[PDB]
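Take a look at this single chain, the form deposited in one PDB entry, given in structure tokens.
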């Protein structure tokens, strides 16, 4: 049963120490990374991630906490129980990934507003071996795949220590429309990268997909639509007519183009 395999996935990261190498690929980027993952005797997870190609990007985490992170990952830093309501969870067979037997789960959207996944889960541990993000037509948007996974034996302490590049470290807006299952994760204010203006940020998620909304004042300027794509991440900007000079609404996230567009056109100011 797929529900059971996803619950096992949810807990696998606290019940297994491991080390491994994986690749991440999208249109325009291919990279290899290494991970060392140690579960301490009290259950805390200590994890180090290192990029193996090109620059030495790195992060070390202790449970949720970022202990250190390299600058190129940080310059813009300011639960599967309900998933079956928005995705059909299906065991579709068996596979072999990184020389290990796996089960294949198809996580298929129940509507047009989110992407699906093909997940390959390690039989021995429930850890993820392969994650493929698929669009509506079944085409591949991103590939996450281990090439080797070494489980059981815990990484040695020296393997959990990062290098020198790892640096020790109310908004008056709402959406009138969200796809089912998406909820507000967080809202906060930032500043425009260009001007003195405050920019409101809202972030949303359904447990699998996330998107962010940015609302920036136009001061009466005539600025039109924009759109962009970076692998699975769409960017849409649409002007919002307002009584305070207009706003540009930007939606960024791992959702179909039409979802980002519909969200962007549904943003509204809060009323008294």
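Positions refer to the first chain, counted from 1. Throughout, rigid core stands for the largest set of C-alpha atoms superposing within 1.5 Å between the two forms. Shifts are known only where both forms have a C-alpha.
Missing here is the form deposited in another entry; even so, the following discussion is about that form.
Colleague: 2 Å or more on the CA of residue 20 between this form and the one not shown, with the rigid core superposed, yes or no?
Modeller: The answer is no, as the C-alpha of residue 20 shifts between this form and the one not shown by less than 2 Å after core alignment.
Colleague: After superposition on the rigid core, does the Cα atom of residue 101 shift by at least 2 Å between this form and the one not shown?
Modeller: No, residue 101 moves less than 2 Å.
Colleague: Is there a C-alpha shift of 2 Å or more at residue 71 between this form and the one not shown once the rigid core is superposed?
Modeller: Yes, the C-alpha position differs by at least 2 Å between this form and the one not shown.
Colleague: Which way does the C-alpha gap of residue 230 and residue 148 go in that other deposited form, closer or farther, given it changes by 3 angstroms or more?
Modeller: More distant in that other deposited form, by 3 Å or more.
Colleague: Knowing the Cα distance between residue 145 and residue 229 changes 3 Å or more in that other deposited form, does it shrink or grow relative to here?
Modeller: Here the pair is closer than in that other deposited form; there, farther apart.
Colleague: Listed by sequence position, which runs of three or more consecutive residues have C-alpha shifts of 2 Å or more between this form and the one not shown, the rigid core held fixed?
Modeller: After superposing the rigid core, the shifted stretches between this form and the one not shown are 26-28, 71-78, 111-113, 172-189, 195-218, 222-270.
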